[PDB]
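Just below is one structure, and these are the notes that go with it.
Positions of Cβ are generated from backbone atoms using ideal geometry, with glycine treated the same way; all protein chains shown enter the neighbour counts. Nothing in this text is a laboratory measurement; each read-out follows from the coordinates by a stated rule.
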Ligand SMILES: NC(=O)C1=CN([C@@H]2O[C@H](COP(=O)(O)OP(=O)(O)OC[C@H]3O[C@@H](n4cnc5c(N)ncnc54)[C@H](OP(=O)(O)O)[C@@H]3O)[C@@H](O)[C@H]2O)C=CC1
C-alpha cells in the first residue's frame with residue numbers, strides 16, 4: 001500500500017483518513033500529541049510526531065489552519081522536496097495579502113505546495129461527494145506535484161479540476177464563501 005501523510009488530528013484529518021483507508025492507502029498522522037491523538041484513529045493508522053510521519057511519505061495533507069502553519073517551520077529541512085497539500089479555508093473572502101497556499105509555499109520554498117480539497121466537507125469525505133459536486137479544484141506551480149495530487153483525487157473518487165498554477169489558489173479559497 002502507498003502511504004499518505006496527514007498533519008493534524010481534527011475533524012478534517014479524521015475524515016480524510018477514513019476516505020484514504022477506504023480507497024486503499026496506508027495513512028500516517030503527524031500530531032503534536034500522538035499518544036493522545038492515537039485514540040482518535042483506528043489501529044491501522046500510524047499516529048506519530050510530525051518529524052517521524054514525514055519520513056514515511058512524500059505526500060502530506062496539511063490538515064491544520066493557516067494561523068498554525070508556522071508551528072511547522074522548524075521542519076523545513078525535513079520537508080524539502082515533499083508535496084504539501086493545502087486544504088485550508090478562511091472565514092473571509094480575500095482575507096490576507098496572499099492566498100493560504102502561497103503563504104505555505106513561502107514558508108517552505110523547497111517543498112512542493114499544491115492547493116486542493118478545501119471545497120470538500122468532512123461529511124463529504126465520509127459519505128462521498130454529491131453526484132453533482134464531485135469536483136475538487138487543484139493547482140500548483142509544480143506540474144509533477146499537481147499531477148500526483150490530481151491522480152490522488154481520482155483514486156479518492158473525486159473529479160479533479162486542474163486550474164494550473166498556484167495563482168489559482170486565491171479564488172479556490174474564496175469559492176466556499178461565494179454561493
Ligand atoms: N472541518 C472541515 O469540514 C473542513 C476543514 N478544512 C480545512 O482543514 C484544515 C483543518 O480543519 P479542522 O480539522 O476542522 O481544524 P481543527 O480546528 O480541528 O485543527 C486541526 C488540527 O490543527 C492542529 N493544530 C492545532 N493547533 C496547532 C498548533 N498550535 N500547532 C500545530 N498544529 C496545530 C490539531 O492537531 P494536533 O493536536 O494533532 O497537533 C488539530 O487536530 C483547515 O485548514 C480547514 O480550513 C477544509 C474543508 C473542510
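Of the candidates 2, 47, the single residue that is in contact with a helix residue (DSSP H, G or I) (Cβ under 8 Å, 6 or more places away or on another chain), farther than 12 Å from residue 125 by Cβ and free of Cβ contacts under 8 Å to residues at least 60 places away in the same chain is 47.
The residue that is nearest to the ligand (Cβ to nearest atom), among those in region 28-54 that are closer than 11 Å to residue 6 by Cα and assigned to a helix (DSSP H, G or I), is 50. Among the residues making up region 55-75, those that are more than 9 Å from the ligand (Cβ to nearest atom), without any contact (Cβ under 8 Å) to a residue 40 or more places away in the chain and either more than 17 Å from the chain's Cα centre (by Cα) or not in a loop (DSSP other than H, G, I, E, B) (or both) are 55, 73, 74, 75.
Please go through region 125-147 and pick out each residue that is touching a residue at least 60 places away in the same chain (Cβ under 8 Å) and surrounded by 18 or more Cβ atoms within 10 Å (Cβ to Cβ). Give the derivation first.
We begin by selecting, within region 125-147, every residue touching a residue at least 60 places away in the same chain (Cβ under 8 Å); these are 125-126, 145.
125, 145 - these are the residues of region 125-147 that are touching a residue at least 60 places away in the same chain (Cβ under 8 Å) and surrounded by 18 or more Cβ atoms within 10 Å (Cβ to Cβ).
Across region 87-101, the qualifying residues are those that are more than 10 Å from the ligand (Cβ to nearest atom) and in contact with a helix residue (DSSP H, G or I) (Cβ under 6 Å, 6 or more places away or on another chain), and the one among them that is nearest to residue 162 (Cα to Cα) is 101.
Here region 1-14 is the region considered, the condition is being near the ligand (Cβ under 10 Å from one of its atoms) and surrounded by fewer than 20 Cβ atoms within 10 Å (Cβ to Cβ), and the residue that is nearest to residue 79 (Cα to Cα) is 10. Would you confirm, using the coordinates I've provided, whether residue 154 is more than 14 Å from the ligand (Cβ to nearest atom), within 13 Å of the chain's Cα centre (by Cα) and not in a loop (DSSP other than H, G, I, E, B)? No, not satisfied.
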